[PDB]
Amino acid sequence: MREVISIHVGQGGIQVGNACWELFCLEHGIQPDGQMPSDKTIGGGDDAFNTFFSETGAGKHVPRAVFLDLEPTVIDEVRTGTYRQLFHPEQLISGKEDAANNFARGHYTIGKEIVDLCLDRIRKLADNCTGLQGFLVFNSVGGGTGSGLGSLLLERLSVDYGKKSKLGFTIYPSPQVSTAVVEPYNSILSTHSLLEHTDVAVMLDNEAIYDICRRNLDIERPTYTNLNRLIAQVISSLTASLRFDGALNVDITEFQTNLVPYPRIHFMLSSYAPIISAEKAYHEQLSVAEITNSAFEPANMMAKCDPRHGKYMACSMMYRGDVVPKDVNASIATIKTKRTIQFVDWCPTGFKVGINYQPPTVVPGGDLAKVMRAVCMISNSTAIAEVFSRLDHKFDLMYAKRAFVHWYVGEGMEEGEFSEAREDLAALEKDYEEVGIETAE
Amino acid sequence: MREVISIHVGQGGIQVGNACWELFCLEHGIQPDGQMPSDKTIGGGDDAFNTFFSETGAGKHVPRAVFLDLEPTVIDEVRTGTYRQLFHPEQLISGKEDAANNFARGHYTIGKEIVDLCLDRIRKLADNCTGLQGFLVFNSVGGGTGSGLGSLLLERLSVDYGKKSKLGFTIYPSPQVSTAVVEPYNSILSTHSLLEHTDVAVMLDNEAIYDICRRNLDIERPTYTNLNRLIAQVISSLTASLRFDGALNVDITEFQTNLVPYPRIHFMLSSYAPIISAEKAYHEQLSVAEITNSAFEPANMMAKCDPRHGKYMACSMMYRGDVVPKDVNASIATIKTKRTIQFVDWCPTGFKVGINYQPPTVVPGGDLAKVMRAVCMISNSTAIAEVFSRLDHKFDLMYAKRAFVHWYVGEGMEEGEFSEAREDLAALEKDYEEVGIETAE
Amino acid sequence: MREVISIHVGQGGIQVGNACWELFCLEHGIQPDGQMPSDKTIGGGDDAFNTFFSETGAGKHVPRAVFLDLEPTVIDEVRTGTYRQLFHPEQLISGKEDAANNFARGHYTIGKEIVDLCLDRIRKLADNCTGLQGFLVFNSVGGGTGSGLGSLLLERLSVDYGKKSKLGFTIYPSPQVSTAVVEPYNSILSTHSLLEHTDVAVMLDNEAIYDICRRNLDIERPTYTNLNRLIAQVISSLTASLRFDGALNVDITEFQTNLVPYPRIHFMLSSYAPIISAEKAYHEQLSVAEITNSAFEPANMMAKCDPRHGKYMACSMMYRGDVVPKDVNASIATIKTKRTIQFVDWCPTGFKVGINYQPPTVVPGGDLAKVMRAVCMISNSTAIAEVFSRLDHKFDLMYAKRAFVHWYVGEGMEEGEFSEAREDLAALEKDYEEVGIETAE
Amino acid sequence: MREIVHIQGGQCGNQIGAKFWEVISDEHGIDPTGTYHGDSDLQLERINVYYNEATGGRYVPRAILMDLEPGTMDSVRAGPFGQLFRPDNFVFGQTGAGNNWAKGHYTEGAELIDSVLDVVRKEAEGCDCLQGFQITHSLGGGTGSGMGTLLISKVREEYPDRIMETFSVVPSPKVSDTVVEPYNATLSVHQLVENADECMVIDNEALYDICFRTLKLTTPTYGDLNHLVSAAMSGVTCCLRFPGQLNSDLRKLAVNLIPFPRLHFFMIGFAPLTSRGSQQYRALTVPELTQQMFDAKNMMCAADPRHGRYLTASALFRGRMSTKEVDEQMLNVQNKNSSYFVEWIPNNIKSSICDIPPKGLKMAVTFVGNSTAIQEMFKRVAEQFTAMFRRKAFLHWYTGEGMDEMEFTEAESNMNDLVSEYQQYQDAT
Ligand SMILES: [Mg+2]
Ligand SMILES: [Mg+2]
Ligand SMILES: [Mg+2]
């Protein structure tokens, strides 16, 4: 009735996915094998797990998500891991020789190799599904298939269904921290082929995960376990409406042309809170106002792009748990109140409340403390264009020096893809350039 | 009342038979000696085993089938095997010196040697039987008697009874995989002498068995055990109506001039499913729609001839188990729905439902997983003529070079049998050529 | 009523011609001797073959085209070939000693030798013809008469009739692949004497033929057979309107001052599709949109000059077969849609539809697969000036070194022809330089 | 008898009239052969005012063929009902205009006008009290307009009393089937604003929109489209062809439609338009079809009544109903959206009814109203003309015909003058 499905790519990406399905399975508490601890009573009023966990004729409830990546080592760990009763073989599609972070390889070269298997799996699930709203696709501009092969993936999947929503979680090159140097190539080559195949998607950067887990989670020494846990929470709440009763169970498609008013600049930030320790869970109270005012801390901004340097457009503060329409509401007045913040005035307010009544659940072994209320500030501003500009300037020079270009030209891409894709970020620079212009008079 | 009887020939062929009677005996669970584990209660409403397993005055229930082949080594293994209490001596007729894959030998040369014994056995069984509908005949264009001696076999048996149905299971030369090179000779020499002595029959190719067992059964390294098991399933379900309650217990004679509308091109495909693993039995649900939509996967097509290259004519999706007329029915609408598929339009729909209520039984030690529902897509299209054309072109040149011809001319066949039999596939090429023509205006 | 006639020159050139008349004769299926397989019914509404195949008082229907070249070996192969019943002796005029790729030789030296015979033949055909629209002239800047003698040919033929259209098919020096090194001399000496004697003409380069036949036709190892076949298709469709019913049977003269708006820069590209294999004919669908969007692939650009580096001016996507005005029409909106493409804005749209209802016919033994719809993107942009610039810079230095000049000065050309012809490409460089300038304000 | 004639050029229009006479044949139920096989004399009563009996009852059209290349002549010559024609009128060309309008207007324009105007004139003597004649081409090129311009000039002089109701295809704003369109168009429209008596706009994209959305059709061609338009252009003479409790002819129409002679570019609406299932959704009422009548989506022209204002509006009804309904919906609608009704034209809606609808349907509706929304149309096309005329893009194909540019200025400030003219009439009260 209300389905979504997750797709996983790139090393960090399927790392995220593993964390996620660990999470949801924890949260509906269905045991890793595929059974719930106890029988399910027959009831109505709304869906349940049925969105994602797959009903069998018995205690076998597998996700509705798919793995695809050409670097097949790690995924085997899932193939080995505790959830080897959880998942399902045909759920698993991997490539042996990954891209080597040639975008053009797993996009072009090895792009040709596994696509059809992917699409068949998609047809099996969507055919298995009925009211699948949209598509959860995860990848990374690092684990190279996460850029290339995913690029073809949406490039064709969109042309397959279209009417489904594109739920885009991919990681963005951290501003000064990194993984490689061809990242310019991965990213921008992705981007010009990303945009028109993307509906909307958010940009998760890691350095924020570090700084904030270390200060706010009080973390001393983190890694992808903590990161994947954190994105696990954020996606855990970004879709609760289709999973749990909330006052305004807003929906993705609902979000689509309302958060991203124009068609073009359709990405965003997301600073979840309240992430605190057990020793800050106590020694604190964690007000709605604390999560709320705290929600707009630029230093809390969960992607390393200063909001205060940008002007907000929309903010879908979907809330978990014991939320009051009034209290949050006045907090939103407080958000109108913030002098430092500046909004795409031709969109004076574009707010859209989310009050889901389940407060958050915590993952044992985790660092986040337990609370009563969650916020997701999926918000869109002018600010985020800048780091892009860093990307196209860095890539600008490096590409000017023809660095690495032999690698890609060797695999079947043309140079005008490069300069033209730079025209692509040129245009989007005109977009964040223009939409931020205040309409005259 | 409703009898059929099986005939077995050629090395692979009686391999198939062994698998089959192993199967059915398993499925009615009558112990290999000839007894059931327990007494049989007196009841009415329909037949039982009595079709094939032969009632004694005691726990001795032998098949109603016959072995005939001139390569008598392997059959002895049955003569030795566990079922040496099962079968019956006079059930066993073999030749010592087989054909050497001279069609003309066990058809002509040794053709003369065992025929009368065969016919006497047939008279003993059919005289033993009452409402024997038709004839299960198994052979192979490889284990050479499977072509030659079987060719005489139907050639005369048809002229004996006629009114019985001809149930034809024989194997066809795999498209690029093979067993020999005289296969052209075996096949086509069979074919011109096959057709007018055949009622209807299906063409099982192996390479599909391999590819599909290895992907769909998840098989790593198969052989005739797996193959013979698989055909064991398909024949296991192609006759359930006469064995088990189903909503529309369709019958062979019913199938005859309805599936194969014209008289001539009276063969077909058969892609059974659902063949999956124990780890795909779980991690899956196996919907009626999954078996159904899955039933028409050209890549699932259980004989290496692309359906998508042909235009379907009929499809008898007889079903095992908990089937719903409605659900399947709408799936058949879905089959009308398939743009890629194209039907002999002058036969707009020719469908014929089969909903037998027993879901499938599994053979221990097997690779197929257990399910609730079976499909047999005995369907007939235009596509299958092509591989024939390969057969007559291959054979065309090889025969043009007079290759091996000394072998056959040495045994009492004339050359006009060769060129004329090529006229035979000429005509049938005109048949698949013509019936596929869309009737004008 | 609507006649055209073909002229053939240069080794590759008459190679092209042979492929062509092979083609058309195949396509109207008139047997190589000169007869149709069957009688022709009397009807009206439009012309037929009568354009080119020449009516006799019997089954003798010869082309309306002429061979002229001073390298007479190969043409004899036509003089010998299967179509020695097809063609006609006086259709054949050749020179013995060709130019040795002295432009100045077969243009000057041997230029004097066969002209009158040519013109007499032309008078015989045009006098034989009535509503001959224009002139099909084929030659090559390689098979040296293809440059020189053709240069005189149009130089005088234009001054003979004038009012006929000049249909120019000649080959252009591939950008990095070549045939000789005097090619600069051949080309530019042709060009200054080409332009003002040319109406309009297209530039076919080979390397595209290679790359695209090898990828798109899936060709492993091609030659002039494949090339000549390919140009055979493109010319096969560039004139269908005068041969077959189409919705908008546009005409050459119609094309003339509309595609090439100004008088000067009156050449163009031409990327025909859909060229695919039998294994891509299946495994594909080949939409109008696929041919259409595919039609503007710069990598599909059938002459090695990047469209994306130029700005389009006109595009006459004449279509073969089952075309829809609407569907293509919206595709043309899609072409307006393409951000990367940029048009001579003072010609905002200059489009001109062609929807001829006959889908393509295929030549047996060919590599192209069969389809339902053809496109010819005769389009004109700014891009093509560059490779010219390579030609005048290469030729610039080589001529600066006086290389080979003794060869030409030996045959009766003056140096100011060289420097001045360089002024010619100077001017045309000003033309592609200027027309691409966007008109101010 | 108020009989009329047809003349068609035009890359399409030559096909259009083919469909048209085809349709009229159906409404007269006469065989393709040319004899009547119908069931009422009423088809024969007023048959002449389009047709012509022949010795032996060959029943023939009063049509005139324009073309610069015989292919169309063969095409319709290959046409069903082709035996219903007169071989005389197959007046075509040996060249084609190439759609440089000067080519089809001077070059071939002056080349083949004579044989046409002669034989046409022989038709003029064949006409007893000629109400008029129907011309057809397109307003973007020369395949029709090339010569049709000369037609309107010549016959217009030759018959300064006859009605000239002119339909020619307008280039849609989006899809440019040719880029020389602004120039042919502008040069023509200069003429047509002066010389043509009636004009109605012929877009393709509207016809697509009708076929795809409101027809719910996926496969567009011309022929269906000409079915959709020759439906209306066939309706127009119905009263003139058949009785009507409320009749109005083209003279009553135009004189009852136009305030000032520069306004005979009219938009069109015809209906009903359903796919097959629709009747099992809905039924037919006068108020219903009315509820289609003022539909921008039936507004088959590039102008928007939703953006412009109805200078005029009218309804052509064929069927059997109660006018007591008809008027009532009329006035009702003239109120309901009064704002798009121009003000000082009281009762700017006007009425009609034909005792018989077209064949197959029980009631007929037609709307040829005239707002002034077309201003965006001329503004666009003039704009593109402006751009490339800044560039002189393809002037060389043009001046090669030996026209002047000052003519281009003439139709230019001309056509702008007509636009602003419509501006003041729209902007007034
Ligand atoms: Mg990887
Ligand atoms: Mg044997
Ligand atoms: Mg030569």
# chains A, B, ... in the order shown; residues from 1 in each chain; ligands from 1
>>> residues_around(residues="residue 65 (chain C)", least_positions_apart="2", cutoff="8 Å", atoms="only C-alpha atoms", output="JSON, numbers by chain")
{"C": [5, 6, 7, 8, 52, 63, 67, 91, 136]}
>>> write_last_selection(atoms="N, CA, C and O atoms", output="compact mmCIF listing (two decimals), in the first residue's frame")
# COMPACT_ATOMS: atom_id res chain seq x y z
N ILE C 5 20.32 12.95 -61.29
CA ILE C 5 21.28 12.06 -61.90
C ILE C 5 22.58 12.10 -61.11
O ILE C 5 22.97 13.14 -60.57
N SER C 6 23.26 10.95 -61.05
CA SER C 6 24.45 10.78 -60.23
C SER C 6 25.72 10.78 -61.07
O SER C 6 25.78 10.22 -62.16
N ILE C 7 26.75 11.43 -60.53
CA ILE C 7 28.06 11.48 -61.16
C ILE C 7 29.08 10.94 -60.17
O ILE C 7 28.93 11.14 -58.96
N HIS C 8 30.09 10.23 -60.67
CA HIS C 8 30.94 9.35 -59.87
C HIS C 8 32.37 9.56 -60.34
O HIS C 8 32.62 9.63 -61.54
N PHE C 52 15.36 7.61 -62.00
CA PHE C 52 16.74 7.20 -62.21
C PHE C 52 16.90 5.98 -63.08
O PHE C 52 17.69 6.00 -64.03
N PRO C 63 20.23 3.08 -64.84
CA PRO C 63 20.28 4.31 -64.06
C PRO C 63 20.40 5.53 -64.94
O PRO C 63 20.75 5.45 -66.12
N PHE C 67 29.60 7.78 -64.96
CA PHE C 67 30.92 7.55 -64.39
C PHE C 67 31.93 8.41 -65.12
O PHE C 67 31.94 8.44 -66.36
N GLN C 91 27.17 5.01 -70.83
CA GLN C 91 27.20 5.44 -69.44
C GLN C 91 28.61 5.51 -68.89
O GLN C 91 28.82 6.04 -67.80
N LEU C 136 23.36 14.90 -58.90
CA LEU C 136 24.10 14.07 -57.97
C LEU C 136 25.51 13.92 -58.51
O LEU C 136 25.73 13.29 -59.54
>>> interface_residues(of="chain C", to="chain A", cutoff="12 Å", atoms="only C-alpha atoms", output="PyMOL selection string")
chain C and resi 215+283+297-299+306-310+338-341
>>> write_last_selection(atoms="C-alpha atoms", output="PDB file, in the first residue's frame")
ATOM      1  CA  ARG C 215      30.434  -0.141 -32.225  1.00  0.00           C
ATOM      2  CA  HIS C 283      17.337  -6.897 -27.328  1.00  0.00           C
ATOM      3  CA  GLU C 297      24.573  12.082 -30.138  1.00  0.00           C
ATOM      4  CA  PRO C 298      27.809  13.936 -30.930  1.00  0.00           C
ATOM      5  CA  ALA C 299      29.435  10.540 -30.637  1.00  0.00           C
ATOM      6  CA  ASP C 306      32.080  17.751 -32.635  1.00  0.00           C
ATOM      7  CA  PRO C 307      28.570  19.183 -32.849  1.00  0.00           C
ATOM      8  CA  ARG C 308      28.760  20.153 -29.196  1.00  0.00           C
ATOM      9  CA  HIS C 309      31.601  22.437 -30.172  1.00  0.00           C
ATOM     10  CA  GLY C 310      29.343  24.062 -32.756  1.00  0.00           C
ATOM     11  CA  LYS C 338      18.813  20.268 -25.069  1.00  0.00           C
ATOM     12  CA  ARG C 339      20.787  22.766 -23.005  1.00  0.00           C
ATOM     13  CA  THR C 340      24.114  21.702 -24.492  1.00  0.00           C
ATOM     14  CA  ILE C 341      22.907  22.607 -27.974  1.00  0.00           C
TER      15      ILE C 341
END
>>> residues_around(residues="residue 294 (chain B)", least_positions_apart="2", cutoff="12 Å", atoms="only C-alpha atoms", output="PyMOL selection string")
(chain A and resi 120+123-124+127-128) or (chain B and resi 216+271-275+286-292+296-301+317+331+334-335+374-377)
>>> residues_near_ligand(ligand="ligand 2", cutoff="12 Å", atoms="only C-alpha atoms and all ligand atoms", output="MDAnalysis selection string")
chainID B and resid 8:15 67:75 93:103 105:107 110:111 139:150
>>> residues_around(residues="residue 61 (chain A)", least_positions_apart="4", cutoff="10 Å", atoms="only C-alpha atoms", output="PyMOL selection string")
(chain A and resi 25+30-36+49-50+52-57+85-88) or (chain B and resi 282-285)
>>> write_last_selection(atoms="C-alpha atoms", output="PDB file, in the first residue's frame")
ATOM      1  CA  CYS A  25      14.692  -4.713  12.119  1.00  0.00           C
ATOM      2  CA  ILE A  30      11.750  -8.766  14.300  1.00  0.00           C
ATOM      3  CA  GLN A  31      14.509 -11.170  15.043  1.00  0.00           C
ATOM      4  CA  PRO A  32      17.472 -11.299  12.671  1.00  0.00           C
ATOM      5  CA  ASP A  33      16.523 -14.623  11.157  1.00  0.00           C
ATOM      6  CA  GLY A  34      13.249 -13.253   9.799  1.00  0.00           C
ATOM      7  CA  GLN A  35      10.722 -13.955  12.552  1.00  0.00           C
ATOM      8  CA  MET A  36       9.234 -11.841  15.078  1.00  0.00           C
ATOM      9  CA  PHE A  49       6.597  -3.421   8.600  1.00  0.00           C
ATOM     10  CA  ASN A  50       4.833  -4.531   5.355  1.00  0.00           C
ATOM     11  CA  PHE A  52       9.840  -3.109   3.851  1.00  0.00           C
ATOM     12  CA  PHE A  53      10.009  -6.324   5.806  1.00  0.00           C
ATOM     13  CA  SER A  54       8.645  -8.967   3.550  1.00  0.00           C
ATOM     14  CA  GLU A  55       5.840 -11.203   4.629  1.00  0.00           C
ATOM     15  CA  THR A  56       6.290 -14.896   4.072  1.00  0.00           C
ATOM     16  CA  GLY A  57       3.966 -17.734   4.855  1.00  0.00           C
ATOM     17  CA  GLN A  85      19.016 -15.725   7.884  1.00  0.00           C
ATOM     18  CA  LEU A  86      17.620 -12.231   7.444  1.00  0.00           C
ATOM     19  CA  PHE A  87      18.476 -11.436   3.884  1.00  0.00           C
ATOM     20  CA  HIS A  88      17.802 -13.405   0.794  1.00  0.00           C
TER      21      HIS A  88
ATOM     22  CA  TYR B 282      12.933 -18.651   2.417  1.00  0.00           C
ATOM     23  CA  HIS B 283      13.917 -15.139   1.462  1.00  0.00           C
ATOM     24  CA  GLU B 284      10.902 -15.558  -0.872  1.00  0.00           C
ATOM     25  CA  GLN B 285       7.104 -15.855  -1.044  1.00  0.00           C
TER      26      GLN B 285
END
>>> atom_distance(atom1="CA of residue 388 (chain A)", atom2="CA of residue 425 (chain A)")
7.8 Å
>>> interface_residues(of="chain C", to="chain D", cutoff="6 Å", atoms="only C-alpha atoms", output="NGL selection string")
:C and (44-46 or 253-254 or 257 or 261-263 or 346-347 or 349-353)
>>> residues_around(residues="residue 384 (chain A)", least_positions_apart="3", cutoff="10 Å", atoms="only C-alpha atoms", output="compact mmCIF listing (two decimals) with N, CA and C atoms, in the first residue's frame")
# COMPACT_ATOMS: atom_id res chain seq x y z
N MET A 203 22.65 15.50 1.04
CA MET A 203 24.11 15.37 0.97
C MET A 203 24.69 15.21 2.37
N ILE A 265 17.17 23.04 -7.97
CA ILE A 265 18.07 22.92 -6.84
C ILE A 265 17.40 22.09 -5.76
N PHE A 267 18.15 19.59 -3.51
CA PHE A 267 18.86 18.87 -2.47
C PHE A 267 18.68 19.62 -1.17
N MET A 268 19.39 19.20 -0.13
CA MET A 268 19.13 19.79 1.18
C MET A 268 20.11 19.29 2.23
N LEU A 269 20.00 19.92 3.41
CA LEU A 269 20.67 19.56 4.64
C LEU A 269 19.78 18.67 5.49
N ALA A 303 25.87 18.91 7.73
CA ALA A 303 26.67 18.84 6.53
C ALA A 303 27.44 20.13 6.46
N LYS A 304 28.73 20.02 6.16
CA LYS A 304 29.68 21.08 6.44
C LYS A 304 29.49 22.21 5.42
N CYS A 305 28.36 22.88 5.56
CA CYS A 305 28.03 24.05 4.77
C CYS A 305 27.26 24.98 5.67
N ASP A 306 27.77 26.19 5.88
CA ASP A 306 27.20 27.06 6.89
C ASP A 306 25.81 27.52 6.50
N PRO A 307 24.79 27.17 7.28
CA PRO A 307 23.46 27.71 7.00
C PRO A 307 23.45 29.21 7.09
N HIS A 309 25.44 31.28 6.23
CA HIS A 309 25.87 31.84 4.97
C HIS A 309 24.82 31.66 3.88
N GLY A 310 23.76 30.92 4.14
CA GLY A 310 22.73 30.71 3.15
C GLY A 310 21.40 31.25 3.63
N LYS A 311 20.36 31.17 2.81
CA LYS A 311 19.04 31.61 3.20
C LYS A 311 18.06 30.47 3.03
N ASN A 380 16.32 23.40 3.10
CA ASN A 380 16.97 23.78 1.86
C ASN A 380 17.20 25.28 1.87
N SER A 381 18.43 25.68 1.58
CA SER A 381 18.83 27.07 1.64
C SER A 381 19.66 27.39 0.41
N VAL A 387 30.34 25.01 -1.48
CA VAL A 387 31.23 23.86 -1.44
C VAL A 387 31.26 23.17 -2.79
N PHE A 388 30.13 23.22 -3.48
CA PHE A 388 30.11 22.87 -4.89
C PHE A 388 31.16 23.67 -5.63
N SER A 389 31.17 24.98 -5.42
CA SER A 389 32.12 25.84 -6.11
C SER A 389 33.55 25.43 -5.81
N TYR A 432 21.49 28.44 -7.73
CA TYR A 432 21.74 29.00 -6.41
C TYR A 432 22.12 30.47 -6.50
>>> select_by_dssp(residues="region 311-354 of chain B", states="strand (DSSP E or B)", output="ChimeraX atom specification")
/B:312,314-321,343,354
>>> atom_distance(atom1="CA of residue 315 (chain A)", atom2="CA of residue 195 (chain A)")
21.5 Å
>>> residues_around(residues="residue 164 (chain D)", least_positions_apart="3", cutoff="9 Å", atoms="only C-alpha atoms", output="compact mmCIF listing (two decimals) with N, CA and C atoms, in the first residue's frame")
# COMPACT_ATOMS: atom_id res chain seq x y z
N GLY D 132 -19.96 32.12 -52.78
CA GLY D 132 -18.54 32.25 -52.62
C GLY D 132 -17.77 31.03 -53.04
N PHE D 133 -16.78 30.71 -52.24
CA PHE D 133 -15.78 29.74 -52.60
C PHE D 133 -14.88 29.59 -51.39
N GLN D 134 -14.22 28.46 -51.30
CA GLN D 134 -13.43 28.14 -50.13
C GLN D 134 -12.00 27.87 -50.56
N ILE D 135 -11.08 28.68 -50.05
CA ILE D 135 -9.67 28.54 -50.33
C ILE D 135 -9.04 27.85 -49.14
N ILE D 152 -6.19 35.25 -54.18
CA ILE D 152 -7.02 36.19 -53.44
C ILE D 152 -6.96 37.55 -54.10
N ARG D 156 -10.25 38.33 -56.12
CA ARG D 156 -10.79 39.42 -55.32
C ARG D 156 -11.08 40.62 -56.19
N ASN D 195 -7.12 41.50 -48.37
CA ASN D 195 -7.80 40.96 -49.54
C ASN D 195 -8.77 39.85 -49.19
N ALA D 196 -8.50 39.12 -48.14
CA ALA D 196 -9.31 37.98 -47.76
C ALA D 196 -10.50 38.47 -46.95
N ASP D 197 -11.63 37.80 -47.13
CA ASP D 197 -12.85 38.21 -46.48
C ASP D 197 -13.05 37.55 -45.13
N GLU D 198 -12.87 36.24 -45.05
CA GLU D 198 -12.92 35.53 -43.78
C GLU D 198 -11.65 34.71 -43.61
N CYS D 199 -11.18 34.60 -42.37
CA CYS D 199 -10.08 33.69 -42.07
C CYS D 199 -10.29 33.08 -40.70
>>> select_by_dssp(residues="region 186-387 of chain B", states="alpha helix (DSSP H)", output="ChimeraX atom specification")
/B:186-194,206-215,224-237,252-259,278-281,288-293,325-336,385-387
>>> atom_distance(atom1="CA of residue 118 (chain D)", atom2="CA of residue 234 (chain D)")
26.6 Å
>>> residues_around(residues="residue 361 (chain C)", least_positions_apart="2", cutoff="8 Å", atoms="only C-alpha atoms", output="ChimeraX atom specification")
/C:27,359,363,370
>>> write_last_selection(atoms="N, CA and C atoms", output="short mmCIF file (atom, residue, chain, number, x, y, z; two decimals), in the first residue's frame")
data_model
loop_
_atom_site.label_atom_id
_atom_site.label_comp_id
_atom_site.auth_asym_id
_atom_site.auth_seq_id
_atom_site.Cartn_x
_atom_site.Cartn_y
_atom_site.Cartn_z
N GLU C 27 16.31 -1.92 -54.17
CA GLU C 27 15.21 -1.43 -53.36
C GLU C 27 13.94 -1.37 -54.18
N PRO C 359 9.39 2.44 -44.28
CA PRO C 359 10.54 2.19 -43.44
C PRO C 359 11.65 1.60 -44.28
N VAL C 363 20.03 -4.44 -47.24
CA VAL C 363 20.76 -5.13 -48.31
C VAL C 363 21.28 -6.46 -47.76
N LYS C 370 17.46 -4.68 -39.44
CA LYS C 370 16.22 -4.12 -39.98
C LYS C 370 15.42 -3.40 -38.90
#
